[PDB]
Amino acid sequence: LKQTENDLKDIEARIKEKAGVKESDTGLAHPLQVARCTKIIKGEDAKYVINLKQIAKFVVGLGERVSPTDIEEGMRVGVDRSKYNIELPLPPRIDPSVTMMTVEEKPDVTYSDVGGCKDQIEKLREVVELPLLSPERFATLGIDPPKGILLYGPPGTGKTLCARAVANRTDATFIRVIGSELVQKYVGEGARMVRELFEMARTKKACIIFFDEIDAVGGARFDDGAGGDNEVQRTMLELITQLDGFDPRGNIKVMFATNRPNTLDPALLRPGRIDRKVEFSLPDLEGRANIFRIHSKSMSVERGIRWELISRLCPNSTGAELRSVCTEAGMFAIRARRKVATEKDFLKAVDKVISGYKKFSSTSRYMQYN
Amino acid sequence: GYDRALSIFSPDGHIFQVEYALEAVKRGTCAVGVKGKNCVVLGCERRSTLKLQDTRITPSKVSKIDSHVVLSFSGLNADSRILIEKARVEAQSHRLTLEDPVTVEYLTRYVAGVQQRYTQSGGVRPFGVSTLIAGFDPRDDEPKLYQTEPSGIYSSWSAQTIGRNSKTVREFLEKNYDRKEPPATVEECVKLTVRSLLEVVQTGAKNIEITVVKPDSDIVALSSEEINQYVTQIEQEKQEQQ
Amino acid sequence: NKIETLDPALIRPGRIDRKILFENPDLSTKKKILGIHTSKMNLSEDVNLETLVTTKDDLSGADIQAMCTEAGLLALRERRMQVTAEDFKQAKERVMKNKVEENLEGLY
Amino acid sequence: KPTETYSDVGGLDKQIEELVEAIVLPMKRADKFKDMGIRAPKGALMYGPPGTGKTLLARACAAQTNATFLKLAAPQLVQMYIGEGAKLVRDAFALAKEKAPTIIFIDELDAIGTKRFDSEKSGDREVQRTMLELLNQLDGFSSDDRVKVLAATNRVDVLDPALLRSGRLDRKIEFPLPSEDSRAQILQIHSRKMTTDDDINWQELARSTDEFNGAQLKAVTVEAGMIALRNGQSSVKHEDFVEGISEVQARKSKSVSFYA
Amino acid sequence: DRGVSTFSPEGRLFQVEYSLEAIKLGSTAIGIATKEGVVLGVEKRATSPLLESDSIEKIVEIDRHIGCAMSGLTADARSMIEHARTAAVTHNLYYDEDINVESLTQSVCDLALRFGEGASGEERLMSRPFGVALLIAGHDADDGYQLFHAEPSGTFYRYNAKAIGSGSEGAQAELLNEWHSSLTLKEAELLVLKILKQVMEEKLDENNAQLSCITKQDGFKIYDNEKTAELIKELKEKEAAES
C-alpha cells in the first residue's frame, strides 16, 4: 500500500502545486500542437494575445516586450503553425506536437563482422565520434566531418549489425524512423510531421537518427509515377530542404539503409547529402578469421581444434553466414548430444549449411549498379 | 540465327544452368550400377505406376554403343537420346578411321565434349543429362564406371549411382561392398544391387529392371521372377533376433 | 506453396533456419497416417486398410480426411457406424480425379 | 545579407549577366523599360546539383539587391486539404506586394512539378491550380517591384510550353559540364578556408577531373584534409588534393586481377 | 540481367573479374620451376571413399618437353587439347622444333581467350572466359625452364613460383621466402608436399594428390602411385628430423 500513503504528502503538496496555479486562476486549468489559451486575460503594443483555433484567430505584428511576466493563462504560447514566435517571456516553443516518435535507450549491439570492417568502421567513427573528440582540427585545417552516408548490401548479413553496434558507442540520443510506414495518406504526414523531428534535431543536441527503408522513399522514375507516390517522392525532396538552406553537421547525422546503392533517384544520390558511402561486400578469408573467434569466445570448444582447415571449406561469405555454421553446429550438440564443439561438427556444418542447407535463395546477381 | 549466348557466367560461380541440370536427375528415375571382375551390372527403375506396356516394346534406358558396351543412364529423355546417336556415329567414326573400337575413356569425353560446347559456346543451351557410362575395352574384360556431369566433369567410380535419394542408397554400398575386393560370381553383383533397389521404388517390382553387361556381345536382362528370389533372403536373417 | 522467389528478401542468414517440403510418403508412412485415422473409426472387419496402400498415387492426410468423410456420409445415410468396401474405392477416385494431377512426365 | 555573393559563386557569370537584365534592373530603373514597353519577368528557372548554384545562387541575389528573402518549399505547397496551399498563392503575393521588396523562392520544384500529361493529375487537384493561379495572376499582381517569383529544382523532367512569356519564367538554366578553367574557379571558393603548402597547380588538378560538378568538387577539398588526419600533417599539400580523388565517391577504389 | 557489354566502373568485364571465384572452388595446385626440372602437382582430395583416382587426369601433357595442369572446372581444360596441343603440333608441322615457352603461352593466349556477344568471322559464342586455372611450364632451348600460368582473366605473367587455387592466399605468402635460386629438384619435392600438408584438409595420400615433373631429357613424366607413396614416406621422415 505505497500509493495509499504517498497521496498523504502529495495532497498536502497539491496545494503547494496549486500555489503555482494561484498565479492565474482564470479559465479553470512544453509540448503543444498549436498555441492555445483561454482569452489570455494577462496578455506600439503592450499586451500580447494571440490564439489559433476554430474560434477567434488572432495575429499581432509587433512583440518582443514584457507584458505577461513569463507564463500566462493556458501556459501554451510559442512555436506552432510556424510563422509564430513568442520568445522574450521564457517560451515553451519549438516543442514536439502530437505525433508518433520511436525513442529507445542503449541499443546495445556487440561486434559482428570485423573482417572487411577494419578501416570501414573507422569511416563510421569519423562521422559521429570524430567531432566529439578533437573539433579544433576542423577549424584549423578547414575540413568538416561527413554527415550523410549510405548503406547498401544484402539484408543484414553483418552490415546492419555493424550499424547498430557503432551507434551504441556514440553515447547520444538514438531515434529510429523507417520509410515503409512513412507513406500513410495525408500530405505532410510523411514530410511536415517528420520535419518537426528535423526541426527538433537543431533544438535538442546530441541526437542521432538513422533513416531506414529508403526504398519506400526514394527511387528512380521514368513516367514520373503512376500516382500515389508523389508524396513518397516529395518526402525525398523534403529531406533536401533541411539540408538546402542551412543546417549544422555537428549534432545531426544522416544514414540510409537499402539493398542496392543506385536504386534511388540519381539526383538524390548526388553528393552533399551523402559525403561518404559504405561499400559492403564479401571480404577476404583471413580477415573473417576473427569472426570464428568472436563466436567462440563465449562458446566452449575442444582444445586442439584447427580453424585453418575449417575456413577452407567456407568460400567468401559474410559475418552472419558464418554464425549460421555455428548455429547448426550448436544443433549438432542437441540431437547427436556433443559435450563441446568439435572439429568434425564444424567441418560437416559447412557442407551441411552452405552446401547442404543453403542451396538456392541467396543474393548474388542482384547488385551491380543500376 | 541467335548470335548471343543462352548462358551467363556467375559472379560467385553459382550458374543457373548448372543448378537445375543436376536436379533433372533428382526429378527422374534412379540408375543403379556396380562394377565387377568379368562383367558389370546396371540396374534401373520406372516412375510410372500402372504399366500397360512391355519392357521390349518400349525402351527406356537401354542403349548400345559398341558390341560389348551397353550404356544406360538417366538424366532426361529427349536430350539424352541426342547424345546417344552422336556417340554411335562417333563410335562408327573410329571404325571409319581407327578401325578399332574406342575405349570407354573417350566415350565419356565425347559425351562431355558435346556438353562442353553447350556450357562454353552460345546459341545453344546445355542439358540436364548425366550419363553413367560402362562397358569394356577391346581384348579387355575389366569394366569401367564414369559419372558424367552436365558441366563436363567426369570421374571413375565403382558403386556410384544417380537418381532420387541415390546419395543415401550409395552409403549402403560404401561399407558392405568392398571396392578392393570385388565379387566373382555374376549373380553376386545382383544380390547387392537388388537390396539397393528396394530403398527407393520399394514395391511395384514391375518397374524394376536389371541389365547385366557381359563380354563377347552378350546382354542378360533379368525378369521379375529372378529378382524375387533374392527378396526372400533379405528377410531371413534380418528379422531374426540373435 | 512456393516461397523460393519469396525467401531471400526476408529469411536472412541465421535469424530463421528451417526448410520443410512436402514429401511423398513411403509404405511405412502411409500406414501410420491411415491406420491412426481409423482408431475411432469403425468399418467392415473383412476389409484391410493396407490393401489400397500398396498401389496409390500421392494421397496425404488431407486426401484421407475427405475419403473418410465422403465414405462416412454414404454409410450414415443408412444409419450405420460401419462403412462398406464400395465406398472406399468410390471416395478415392473423386479425390484423385480432381486435386491430384501430374505433369504427365514419364521415364526421365 | 547572406555571406554568399558573386565571389562565393563561379561559372554562373554567364547566367548572372543575363539575370541582371531580368530581376536587378527593373527593381531600380524602370525608365528605359517603360519607353520600349518591355515588361521584365519576375524570375527564371534553373536545375542542377547544389553547391554550384541554385540555393547558394538564389540567396546571393538577395544580398546584392538588398531585399527581403522569403523562401517557401514546393513540397510544403501541397497539403492534405482542398486548396490549402493553393489559397496561399494569392496570400503569398499579397504579403509580398504590400510589405517590402522580396523574391519568392521555390525549393525543389519537382515536388509540385511531377505531373506530365498523364491522367494521374486528377489525384492532386491543388497542384495544377497552384501552377495555373501562378501564371495567370502575374499581370494582375504586376506594376510594382515588391513581388518576384523564382523557382529551382535538381532536375526538370517536365516540359511545359506555357511557361514561356515575357512575364513568366524566362531563363531555363542547365548547369553545363565545367571545363578545366571552370573547375579551377569552383575549387578556389572552397579552398579559401583551407591552409595549403602553395605547391598546388590549379591547371594540373583540373585536367585529371572530368565531368565533376561543384557538388563533387566540394567533396575533394573536404576529404583532402581527412587523408592528412591519419598522417598528422599540419596542412594539406598538392598530393593530398590528388588523394581526394583516391577517396571513394565515383568508385575510384582498388580491386584485384589486372593490377595489384 | 542486361547486356554482357556492360563494363565495371573501372572499365572491365564482369565475367573477367568474377572468374577468380570459380578457381577457389577447384583444386589447389602449386607449380615450381627449379634449376633442375620443373615441379608439377595438384590435389585430388576425395569426393567419396569409393572414388578412384586412376582414371581422373588433373594434369595433362601438351608436348613431351612441356607440361600442363588445371585448377577449376574440367570443361575448359579440354578446349586447349584442340588448341594448345594443336598449336604445338602446328609448330612442329612448320618449324619442326620445340616451341619456346615464352612464345607458346602468348600463342595459346590468342587461342585461349576469344569471346564476346557475337561476331561473324571470329567465334565469340563462348560466354564464360575461363572456368579453370591452367598452368604452362616447360624448357626453352635458349633461356631455360619457364613457369607460366593461364589466368582465368586471360592474361599471362612470368612466375618464378606460382600458387593457384583456394589456398593461394596463404601458400603464396610464405612461398616468397621458400623459393630460392639455389632450390634444386630433390629439395623442391619435399617442399611442395610440406606446403600442401597445411593446405590439404585430409591425410596425405597417394589418391588425394597427383604430382609430376618436366625433364629436359626424358620429358614430362608422371609420378606413379608406388613412386608417389615413396615421396610421402620421405616427407614424414623429413618433418620429424627438422626439430
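Structure determination for this PDB entry was carried out by cryo-EM, with a resolution of 6.3 Å recorded in the header.

J.: I'd like to hear about the overall build of chain D, residue by residue, with values.
T.: Per the secondary structure count, chain D includes nine helices and five strands. Mapped in sequence order, the helices and strands of chain D form the string α-α-β-α-β-α-β-α-β-β-α-α-α-α. Overall size of chain D, expressed as C-alpha extent along the three principal axes, is 65 × 45 × 30 Å. Across chain D, contacts joining residues at least 24 apart in sequence account for 82% of those joining residues at least 6 apart. In chain D, 37 side chains carry a positive charge and 39 a negative one; their mean positions are 6 Å apart.

J.: Please set out the interface of chain A and chain D residue by residue, giving values where relevant.
T.: Counting from both sides, the interface comprises 41 residues of chain A and, opposite them, 45 residues of chain D. The contact between chain A and chain D buries some 3800 Å² in all, and 51% of this surface belongs to carbon and sulfur atoms. Area buried by chain A at its contact with chain D is led by A:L141, A:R234 and A:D244, which between them contribute 15% of it. At the boundary of chain A and chain D, one finds eight salt bridges. The salt bridge partner of D:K71 is A:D244, with a shortest N-O separation of 2.4 Å. Across the chain A-chain D interface, the total number found is five residue pairs in polar contact. For the side of chain A that touches chain D, the secondary-structure elements that each account for two or more residues are α2 (118-125), α3 (136-141), α5 (192-203), α6 (230-242) and β6 (276-279) of chain A. Of all the elements, α6(A) adds the most residues to the side of chain A that touches chain D, at six residues. When grouped by side-chain class, the residues that make up the side of chain A that touches chain D number 13 nonpolar, eight polar and 20 charged.

J.: How would you explain a positive patch on the surface if you had to name every residue and give the values?
T.: A cluster of basic residues, A:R335, A:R338, A:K344, A:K348, A:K352, A:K359, B:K26, B:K167, C:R18 and C:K19, forms a positive patch on the protein surface. For the positive patch, the leading source of residues is helix α10 (residues 343-358) of chain A, giving three residues. Mapped onto the secondary structure, B:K167 falls in helix α4 (residues 166-173).

J.: So what's going on with the sheet that holds strand β4 (residues 207-211) of chain A? Which residues, and what values?
T.: Residue and element names in this part refer to chain A. If you walk across this open sheet you meet the three strands as β1-β3-β4, and the pairing is mixed. The open sheet has two free edges, formed respectively by β1 (103-104) and β4, since each of these has just one partner strand. Inspection of the sheet shows strand β3 (residues 173-177) paired to β4 by five bridges, in the parallel sense. Within β4, the position partnered with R176 by the bridge is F210.

J.: Explain the pairing of strand β8 (residues 219-222) of chain E residue by residue, including any values.
T.: Sheet faces and side chains relate simply in a regular strand, where the side chains alternate between the two faces. Residue and element names in this part refer to chain E. Pairing of strand β7 (residues 209-215) with β8, which is carried by four bridges, proceeds in the antiparallel orientation. In the sheet register, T215 faces β8, and the bridge partner there is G219. Between β7 and β8, which pair antiparallel in sequence order, lie three residues.

J.: Which residues make up the sheet that holds strand β4 (residues 132-139) of chain E, and what values go with them?
T.: All names here are of chain E. Reading across from one edge, β3-β4-β5 is the order of the three strands in this open sheet, with antiparallel pairing throughout. Lying at the two open borders of the sheet, with one neighbouring strand each, are β3 (66-72) and β5 (145-150). Shown here is a sheet whose adjacent strand axes are inclined to one another by a mean of 15°, direction ignored. Inspection of the sheet shows β3 paired to β4 by seven bridges, in the antiparallel sense. In the sheet register, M70 faces β4, and the bridge partner there is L134.

J.: Describe the interface of chain D and chain E, with residues and values.
T.: The parts lose accessible area when they come together, and the size of an interface is often stated as this lost area. Opposite the eight residues of chain D that make contact, chain E presents eight residues. Surface buried jointly by chain D and chain E totals about 680 Å² across both partners, of which 55% is contributed by carbon and sulfur atoms. Per-residue buried area on chain D facing chain E is highest for D:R251, D:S257 and D:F258; these three make up 72% of the total on that side. Here chain D is connected to chain E by zero salt bridges. Counting across the chain D and chain E interface gives four residue pairs in polar contact. Residue composition of the side of chain D that touches chain E, grouped by class: three nonpolar, three polar and two charged.

J.: I'd like to hear about the environment of D:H238, residue by residue, with values.
T.: Residues and elements named next belong to chain D. Assignment of secondary structure puts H238 in helix α9 (residues 238-246). Take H238: its relative accessible area is 14%, and that puts it in the buried class. For the pair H238 and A250, spaced 12 residues apart in sequence, the C-alpha to C-alpha distance is 21 Å. The contacts of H238, once residues within four sequence positions are left out, are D199, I200, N201, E204 and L205. A polar atom in the side chain of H238 sits 3.0 Å from the side chain of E204.

J.: Which residues make up the pattern of salt bridges, and what are the values?
T.: Considering all chains together, one arrives at 55 salt bridges over all chains under this definition. The residue A:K42 makes a salt bridge to A:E23 at a minimum N-O spacing of 3.4 Å. Classification of A:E23 by relative accessible area gives partly exposed; the value is 43%. Among the salt bridges present, the one from B:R125 reaches B:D79, with a minimum N-O distance of 3.9 Å.

J.: So what's going on with the UniProt feature "binding site: ATP" in chain D? Which residues, and what values?
T.: In this numbering, the UniProt entry assigns the feature "binding site: ATP" to D:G48, D:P49, D:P50, D:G51, D:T52, D:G53, D:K54 and D:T55. Positionally, D:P49 belongs in the loop between β1 (45-47) and α3 (55-65). Judged by its relative accessible area of 7%, D:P49 falls in the buried class. Setting aside anything within four residues of it in sequence, one finds D:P49 in contact with A:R270, D:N154, D:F175, D:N213 and D:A215. Mapped onto the secondary structure, D:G53 falls in the loop between β1 and α3. The residues touching D:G53, leaving out its near neighbours within four places in the chain, are D:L12 and D:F175.

J.: I'd like a rundown of the side chain of D:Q79, residues and numbers included.
T.: Of note, D:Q79 is situated in the loop between β2 (68-73) and α4 (87-98). Polar contacts involving the side chain of D:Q79 include one to the main-chain carbonyl oxygen of D:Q76, which spans 2.5 Å.

Cut-offs used in this document
Residues numbered from 1 in each chain as written, not as in the entry; some residues may be left out. Chains lettered and ligands numbered in written order. Part of a larger assembly, values for the part shown. Heavy atoms only, no water. Helix = DSSP H or I, 4+ residues; strand = E, 2+ residues; numbered from the N terminus. Contact = heavy atoms within 4.5 Å. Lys, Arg positive; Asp, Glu negative; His and termini not counted. Charge placed at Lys NZ, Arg CZ, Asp CG, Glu CD. Buried area = accessible area lost by both parts, 1.4 Å probe. Salt bridge = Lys/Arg side-chain N within 4 Å of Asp/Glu carboxyl O. Polar contact = N/O pair within 3.5 Å; in protein donor to acceptor, adjacent residues only side chain to side chain. Nonpolar A, V, L, I, M, F, W, Y, C, P; charged D, E, K, R; others polar. Patch = residues over 30% accessible without salt bridge, like charges linked within 9 Å, V, L, I, M, F, W, Y side chains within 5 Å. Areas by Shrake-Rupley, 256 points an atom, 1.4 Å probe, with all protein chains shown as cover. Pairing = 2+ DSSP bridges. Axes fitted to C-alpha atoms, helices over the stretch in contact; angles between N-to-C directions. Buried < 20%, exposed > 50% of the residue type's maximum accessible area, 1.4 Å probe, protein only. UniProt positions renumbered as here; feature names shortened; annotations may be inferred.

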